[PDB]
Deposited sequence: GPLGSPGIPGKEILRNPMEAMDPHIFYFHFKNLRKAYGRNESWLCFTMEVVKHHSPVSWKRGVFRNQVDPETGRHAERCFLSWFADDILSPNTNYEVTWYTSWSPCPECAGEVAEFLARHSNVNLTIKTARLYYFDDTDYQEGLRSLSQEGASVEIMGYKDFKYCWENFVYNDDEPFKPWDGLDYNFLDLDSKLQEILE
């Protein structure tokens, strides 16, 4: 049961890539899906069973069909946990017709090895693991938030937090 959009206050409270936002237990997942049978399109928001597993259950039980290809993009407030990463990498291993890109606002909560191995496993199976930049936050603000046509005001330190998280992710996936 995915909702169409979230409240702007919720979006700013959960998608901040700052330090305080690491105390946020909730996890949110925006998604865009291109269904190519040769073509339909979907998009929506899941929240936390974590949000990744929710998307897998809904998508597998309600959308999936052979002779159909899927281009899926996730915008997650948290990087997937090792269990979710194993389940998603397993799912992709068994569904070659599904191509997944994961863009995350925050990495792991602490410097755990099994989180790094989860991300690396996701990448070995063909999933694109990336950090959310300003363009990604703006896109989410336009397409998954009741923005009331107000423009996206980024928070302080967004870009430097991106550069740090992207250097870290480069060190994880190399």
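- Against the full deposited sequence, the model leaves out several stretches, namely 1-15, 54-56, 67-73.
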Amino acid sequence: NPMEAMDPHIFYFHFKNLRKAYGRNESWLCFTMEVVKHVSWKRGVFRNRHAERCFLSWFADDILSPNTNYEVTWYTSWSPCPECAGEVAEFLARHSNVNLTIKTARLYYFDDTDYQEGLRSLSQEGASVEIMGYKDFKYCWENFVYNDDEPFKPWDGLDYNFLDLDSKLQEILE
From here on, numbers count along this sequence of modelled residues.
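- In this entry, 63-71 has the higher mean Cα B-factor, the comparison being between 63-71 and 115-123.
- Mean CA temperature factor is higher for 1-9 when stretches 1-9 and 165-173 are set side by side in the entry.
- Across the residues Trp141, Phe110, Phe31, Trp28, the deposited record lists the maximum Cα B factor for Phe110.
- Among the modelled residues of its chain, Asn99 has a C-alpha B-factor that falls in the middle third, as given in the PDB entry.
- Sort the modelled residues of the chain by CA B factor and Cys81 lands in the lowest third.
- For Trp41, the recorded CA temperature factor ranks within the highest third of the chain's modelled residues.
- In this PDB entry, the Cα temperature factor of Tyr134 sits in the middle third of its chain's modelled residues.
- Remark: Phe15 belongs to the lowest third of its chain, ranked by C-alpha B-factor as recorded.
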